[PDB]
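So the sequence shown is residues 6 to 589, counted in PDB author numbering. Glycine is no exception: its CB is placed at the ideal position from the N, C-alpha and C atoms. Below is one structure; the comments refer to it alone.
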Amino acid sequence: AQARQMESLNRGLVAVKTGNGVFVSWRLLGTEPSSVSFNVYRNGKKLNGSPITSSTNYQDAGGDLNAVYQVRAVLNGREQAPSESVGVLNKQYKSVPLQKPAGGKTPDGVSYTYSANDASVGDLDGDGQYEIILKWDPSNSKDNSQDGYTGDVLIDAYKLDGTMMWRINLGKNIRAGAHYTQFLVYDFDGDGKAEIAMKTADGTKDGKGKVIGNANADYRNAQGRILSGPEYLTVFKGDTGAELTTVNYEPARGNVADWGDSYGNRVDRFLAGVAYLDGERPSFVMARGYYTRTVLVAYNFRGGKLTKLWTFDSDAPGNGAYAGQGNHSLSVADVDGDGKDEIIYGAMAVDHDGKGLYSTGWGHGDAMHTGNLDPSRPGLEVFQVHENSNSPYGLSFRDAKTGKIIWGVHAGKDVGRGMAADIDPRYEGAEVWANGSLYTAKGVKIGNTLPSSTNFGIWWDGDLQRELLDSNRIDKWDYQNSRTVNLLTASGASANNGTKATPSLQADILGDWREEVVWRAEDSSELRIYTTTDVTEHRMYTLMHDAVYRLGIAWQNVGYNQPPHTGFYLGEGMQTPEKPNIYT
Ligand SMILES: [Ca+2]
Ligand SMILES: [Ca+2]
Ligand SMILES: [Ca+2]
Ligand SMILES: [Ca+2]
Ligand SMILES: [Ca+2]
Ligand SMILES: [Ca+2]
Ligand SMILES: [Ca+2]
Ligand SMILES: [Ca+2]
Ligand SMILES: [Ca+2]
Ligand SMILES: [Ca+2]
Numbered sequence: 006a007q008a009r010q011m012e013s014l015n016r017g018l019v020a021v022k023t024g025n026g027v028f029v030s031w032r033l034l035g036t037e038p039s040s041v042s043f044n045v046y047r048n049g050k051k052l053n054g055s056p057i058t059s060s061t062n063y064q065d066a067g068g069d070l071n072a073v074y075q076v077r078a079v080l081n082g083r084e085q086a087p088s089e090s091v092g093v094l095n096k097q098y099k100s101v102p103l104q105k106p107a108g109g110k111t112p113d114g115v116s117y118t119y120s121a122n123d124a125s126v127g128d129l130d131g132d133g134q135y136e137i138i139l140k141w142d143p144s145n146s147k148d149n150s151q152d153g154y155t156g157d158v159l160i161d162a163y164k165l166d167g168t169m170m171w172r173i174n175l176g177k178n179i180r181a182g183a184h185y186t187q188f189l190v191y192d193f194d195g196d197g198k199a200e201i202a203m204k205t206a207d208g209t210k211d212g213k214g215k216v217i218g219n220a221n222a223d224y225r226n227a228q229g230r231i232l233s234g235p236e237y238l239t240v241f242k243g244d245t246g247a248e249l250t251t252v253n254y255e256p257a258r259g260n261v262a263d264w265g266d267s268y269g270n271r272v273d274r275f276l277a278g279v280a281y282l283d284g285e286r287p288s289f290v291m292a293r294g295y296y297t298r299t300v301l302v303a304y305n306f307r308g309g310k311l312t313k314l315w316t317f318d319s320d321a322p323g324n325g326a327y328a329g330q331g332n333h334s335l336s337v338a339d340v341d342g343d344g345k346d347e348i349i350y351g352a353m354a355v356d357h358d359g360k361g362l363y364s365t366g367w368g369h370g371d372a373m374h375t376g377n378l379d380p381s382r383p384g385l386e387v388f389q390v391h392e393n394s395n396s397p398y399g400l401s402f403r404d405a406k407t408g409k410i411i412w413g414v415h416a417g418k419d420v421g422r423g424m425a426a427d428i429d430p431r432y433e434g435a436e437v438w439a440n441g442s443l444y445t446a447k448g449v450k451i452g453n454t455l456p457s458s459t460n461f462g463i464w465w466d467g468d469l470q471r472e473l474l475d476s477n478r479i480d481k482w483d484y485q486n487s488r489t490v491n492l493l494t495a496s497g498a499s500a501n502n503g504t505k506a507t508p509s510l511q512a513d514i515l516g517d518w519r520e521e522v523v524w525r526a527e528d529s530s531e532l533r534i535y536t537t538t539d540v541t542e543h544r545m546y547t548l549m550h551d552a553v554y555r556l557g558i559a560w561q562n563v564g565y566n567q568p569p570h571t572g573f574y575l576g577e578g579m580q581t582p583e584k585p586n587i588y589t
């Protein structure tokens with residue numbers, strides 16, 4: 006009973022030169038009725054796609070590199086104003102060149118360079134096409150448990166044509182590393198353009214060069230950590246990067262040792278997430294802590310003002326079960342039916358008003374997947390893994406609303422990876438895997454092997470199973486032979502963060518409902534946006550117009566990046582998915 010704000014997008018038309026013709030795909034928008042159809046136009050407004058639809062891709066045999074495409078929606082037998090016009094890509098990726106920052110030297114005395122790291126997307130200027138907001142990582146970035154000085158964290162915005170809109174420098178008082186800066190790109194106020202929200206400090210320099218706080222404060226200690234001095238929360242304006250408003254980060258660190266160590270590990274474990282706590286409009290949550298004291302703080306940014314909505318603190322009375330449950334990521338989804346978003350903080354959940362929903366007591370894990378994994382169960386499921394060898398489960402498949410287990414598997418050990426996806430059509434729903442085994446959504450062990458990666462799942466070819474993504478590979482589970490075969494190796498491109506091996510971004514940002522992959526070139530001279538050329542016979546509303554998925558894109562960069570999920574069941578046997586309840 007609720008419509009959600011959702012980004013006004015253009016048709017997302019993309020064309021790609023293939024052996025034999027040109028491949029084309031476009032969006033089906035969530036503002037459109039299911040009855041819509043399309044005609045495709047090659048060059049001189051030539052109708053080409055003679056009758057109409059059932060998908061939003063089309064293979065054009067008589068297409069060449071000099072061709073120009075437009076598509077026209079048909080609303081009730083009446084063709085509409087054409088889309089934007091596009092040329093043809095001579096390779097299966099779009100190059101976005103980067104203004105790569107020059108290296109530098111820390112007090113350390115050491116030298117360091119930058120590489121393109123985690124990304125997000127948003128419509129910063131309102132033209133109906135996504136920009137890429139990119140985090141730059143210095144080669145001396147640090148995990149929380151490693152001493153050492155780190156280079157400045159920088160965040161750029163780029164249009165798809167390579168236009169660099171601005172650079173923000175977080176400055177010397179924001180340590181570089183996976184668990185420090187978590188950045189949220191969303192249209193919070195509803196003005197139709199996106200803002201950026203993240204944690205700042207004395208000396209962060211906005212996109213117009215304006216310094217926040219004291220440009221001469223240096224709270225870096227001799228171990229390269231910032232364990233003193235004030236802490237800020239800032240939202241910047243999308244098209245310019247300018248400070249809009251800055252408030253005090255909550256909670257502040259206080260006595261560092263109260264978090265469970267004196268050397269600055271547990272205290273600087275951060276997460277963040279966009280959530281429609283309204284059921285209608287976006288909020289965001291900034292989180293601090295998970296091994297230990299765990300605090301979530303929710304906000305709105307509307308009418309130029311940042312307002313605190315609520316605070317959940319595990320130190321607070323009655324909330325002590327909720328400590329030690331958080332993962333190195335979070336999920337966001339209406340799990341209880343009320344139209345409003347709850348926060349699935351790893352092995353615990355917070356309700357939309359700031360109140361504990363449940364704590365499983367199974368403890369912190371390094372991966373999680375929240376979606377409709379078993380389409381035979383109404384409601385969502387959460388499949389995750391757990392670090393605690395003394396946990397009853399090393400992998401657990403539970404009810405997302407109550408937190409009660411559905412099935413789970415005792416390992417007496419850390420299980421540091423786990424995945425969820427429909428890779429086997431013999432079993433309706435998503436299969437899951439971790440710690441040497443592959444299971445049905447019901448908990449039954451399939452075969453004896455498992456896919457060659459346990460990282461990301463990506464919808465890439467034309468079928469309803471999901472494919473696999475790791476390093477610079479897209480792979481496919483051959484469920485008949487129990488082997489992983491390769492569909493694409495993006496040679497020259499590279500993933501990020503060594504063993505995590507994640508892409509800068511995975512997201513349906515162009516064309517068809519299939520997902521695009523944003524990998525950096527090895528030297529970080531360009532980002533590459535890969536889009537599929539597999540003709541599909543399936544049609545769906547753009548994944549960026551689904552609530553759970555869009556919010557998945559917004560937290561992908563967060564902590565140890567996890568892959569996105571749809572709020573509906575996407576896989577073999579799915580129903581023809583219905584128009585989403587949204588406005589633009
Ligand atoms: Ca834009
Ligand atoms: Ca806005
Ligand atoms: Ca809800
Ligand atoms: Ca609720
Ligand atoms: Ca961990
Ligand atoms: Ca379900
Ligand atoms: Ca399946
Ligand atoms: Ca597929
Ligand atoms: Ca796509
Ligand atoms: Ca990350």
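With C-beta atoms as the reference, is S457 less than 9 Å away from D480?
-> Against the sequence shown, residue 457 aligns to sequence position 452. Against the sequence shown, residue 480 aligns to sequence position 475. Yes, the pair counts as a contact, with Cβ atoms nearer than the cut-off.
Name, in chain order, the residues that DSSP records as bridge partners for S499.
-> For the purposes of this step, residue 499 is taken as residue 494 along the sequence shown, with counting starting at 1. DSSP links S499 through a beta bridge to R525.
Could you tell me whether any non-hydrogen atom of ligand 7 is closer than 8 Å to the CB of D429?
-> In the sequence shown, residue 429 corresponds to position 424, counting from 1. Result yes, Cβ under 8 Å from ligand 7.
Contact check, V523 vs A124, beta carbons under 9 Å = Taking the sequence shown and counting its residues from 1, one reaches residue 523 at position 518. Taking the sequence shown and counting its residues from 1, one reaches residue 124 at position 119. Taking 9 Å as the Cβ cut-off, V523 and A124 qualify as a contacting pair.
Pair within 9 Å by beta-carbon distance, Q134 and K99 | Residue mapping note: residue 134 aligns to position 129 of the sequence shown, counting from 1. Residue mapping note: residue 99 aligns to position 94 of the sequence shown, counting from 1. No, these two residues do not count as a Cβ contact at 9 Å.
Any idea what DSSP makes of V19, helix, strand or coil?
-> Against the sequence shown, residue 19 aligns to sequence position 14. In this structure, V19 counts as strand in the three-state DSSP scheme.
Cβ of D196 within 8 Å of any heavy atom in ligand 2?
-> Working through the sequence shown from its first residue, we reach residue 196 at position 191. Yes, since a heavy atom of ligand 2 falls inside the 8 Å radius drawn around the Cβ of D196.
Can you have a look at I57 and say buried or exposed, based on whether 16 or more other CB atoms are within 10 angstroms of its CB?
-> Numbered from 1 along the sequence shown, position 52 holds the residue referred to as residue 57. With fewer than 16 Cβ atoms within 10 Å of its Cβ, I57 is classed as exposed.
If you draw a straight line from the alpha carbon of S120 to that of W560, how long is it in whole angstroms?
-> If you number the sequence shown from 1, residue 120 lands on position 115. If you number the sequence shown from 1, residue 560 lands on position 555. One C-alpha to the other measures close to 20 Å.
By a C-beta neighbour count over all protein chains shown, 10 Å radius and 16 as the cutoff for buried, is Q389 buried or exposed?
-> As a position in the sequence shown, residue 389 is number 384, starting the count at 1. The residue in question, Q389, is buried, as its Cβ has 16 or more Cβ neighbours within 10 Å.
Using only the heavy atoms of ligand 8, determine whether one of them is closer than 8 Å to the beta carbon of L474.
-> Start at 1 with the first residue of the sequence shown, and residue 474 comes out as number 469. No, Cβ of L474 sits at least 8 Å from all heavy atoms of ligand 8.
Measure the C-alpha to C-alpha separation of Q580 and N53 and round it to an integer number of angstroms.
-> For the purposes of this step, residue 580 is identified with residue 575 of the sequence shown, where counting begins at 1. For the purposes of this step, residue 53 is identified with residue 48 of the sequence shown, where counting begins at 1. Their Cα atoms are separated by approximately 30 Å.
Opposing strand residues paired with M353 [DSSP bridges] = Numbered from 1 along the sequence shown, position 348 holds the residue referred to as residue 353. According to DSSP, which records beta bridges pairwise, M353 is partnered with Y350 and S364.
Host beta strand (DSSP E) of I558 (start-end) | Stepping through the sequence shown from its first residue, residue 558 is reached at position 553. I558 -> not in any beta strand (DSSP E); alpha helix (DSSP H) instead, spanning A552 to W560.
Check: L469 C-beta below 8 Å from any heavy atom of ligand 8 = Residue 469 sits at position 464 when you count from the first residue of the sequence shown. At least one heavy atom of ligand 8 is nearer than 8 Å to the Cβ of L469, so yes.
Is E347 near ligand 3, with its Cβ less than 8 Å from a heavy atom?
-> In the sequence shown, the residue the question calls residue 347 occupies position 342. At least one heavy atom of ligand 3 is nearer than 8 Å to the Cβ of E347, so yes.
Between the C-alpha atoms of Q97 and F402, what's the straight-line distance to the nearest angstrom?
-> Counting from 1 along the sequence shown, the entry for residue 97 is found at position 92. Counting from 1 along the sequence shown, the entry for residue 402 is found at position 397. Straight-line Cα distance between these residues: approximately 37 Å.
Closest Cα partner of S509 within the set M545, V279, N477 and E285 | On the sequence shown, residue 509 is found 504 positions in, with the first residue counted as 1. Measuring from the Cα of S509, the nearest candidate turns out to be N477.
Entirely enclosed beta strand (DSSP E) segments - the stretch 85 to 124, minimum 3 residues = 98 to 102
May I ask you to report which of helix, strand or coil DSSP gives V387?
-> Counted from its first residue, the sequence shown places residue 387 at position 382. Residue state, collapsed to three classes: strand.
Measuring alpha carbon to alpha carbon, tell me which of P143, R83 and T365 ends up nearest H391.
-> Numbered from 1 along the sequence shown, position 386 holds the residue referred to as residue 391. Comparing Cα positions, the closest option is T365.
First through last residue of the beta strand (DSSP E) which encompasses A202 | The sequence position of residue 202 within the sequence shown is 197, counting from 1. Note, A202: beta strand (DSSP E), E200 to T205.
If you draw a straight line from the alpha carbon of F43 to that of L33, how long is it in whole angstroms?
-> Taking the first residue of the sequence shown as position 1, residue 43 is located at position 38. Taking the first residue of the sequence shown as position 1, residue 33 is located at position 28. Distance between the alpha carbons of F43 and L33: 10 Å.
Let me know if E436 comes out buried or exposed under the rule of 16 or more other beta-carbons within 10 Å of its beta-carbon.
-> Counted from its first residue, the sequence shown places residue 436 at position 431. Buried.
Member of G278, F317 and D343 whose CA lies at the smallest distance from the CA of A6 = Reading the sequence shown from its first residue, position 1 is the one you call residue 6. Nearest of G278, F317 and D343 to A6, Cα basis: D343.
Within 10 angstroms of the Cβ of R519, are there 16 or more other Cβ atoms? Answer buried if so, exposed if not.
-> Residue 519 sits at position 514 when you count from the first residue of the sequence shown. Buried is the call here.
Between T507 and ligand 10, is the CB less than 8 Å from at least one heavy atom?
-> Here the question's residue 507 lines up with position 502 in the sequence shown. Yes, the Cβ of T507 comes within 8 Å of a heavy atom of ligand 10.
State the start and end residues of the unbroken beta strand (DSSP E) segment that holds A425.
-> Residue 425 sits at position 420 when you count from the first residue of the sequence shown. It spans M424 to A426 - the beta strand (DSSP E) in which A425 sits, taken as one unbroken run.
Considering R274, what are the terminal residues of the beta strand (DSSP E) in which it resides?
-> Residue mapping note: residue 274 aligns to position 269 of the sequence shown, counting from 1. Run containing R274: none; DSSP gives neither H nor E here.
Whole angstroms is fine: what's the gap from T538's alpha carbon to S59's?
-> If you number the sequence shown from 1, residue 538 lands on position 533. If you number the sequence shown from 1, residue 59 lands on position 54. Near 17 Å, if we compare the C-alpha coordinates of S59 and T538.
Assigned exposure category for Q485 - 16 Cβ within 10 Å defines buried | Here residue 485 refers to the residue found at position 480 when the sequence shown is read from its first residue. By the C-beta density criterion, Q485 is exposed, having fewer than 16 other C-beta atoms within 10 angstroms.
Taking only heavy atoms of ligand 6 into account, decide whether any of them is closer than 8 Å to the Cβ of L385.
-> Counting from 1 along the sequence shown, the entry for residue 385 is found at position 380. It does: the Cβ of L385 is within 8 Å (strictly closer) of some heavy atom of ligand 6.
Which residues in the same chain as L311 place their Cβ atom closer than 8 Å to its Cβ, once the five residues preceding and following it in sequence are excluded?
-> Here residue 311 refers to the residue found at position 306 of the sequence shown. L238, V240, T250, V252, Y304 and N305.
Below 9 Å between beta carbons: does that hold for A202 and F188?
-> Taking the sequence shown and counting its residues from 1, the one referred to as residue 202 is at position 197. Taking the sequence shown and counting its residues from 1, the one referred to as residue 188 is at position 183. Going by C-beta atoms, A202 is nearer than 9 Å to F188.
Can the beta-carbon of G417 be found less than 9 Å from the beta-carbon of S442?
-> Counting from one through the sequence shown, the residue named residue 417 turns up at place 412. Counting from one through the sequence shown, the residue named residue 442 turns up at place 437. No, they are not a contact pair.
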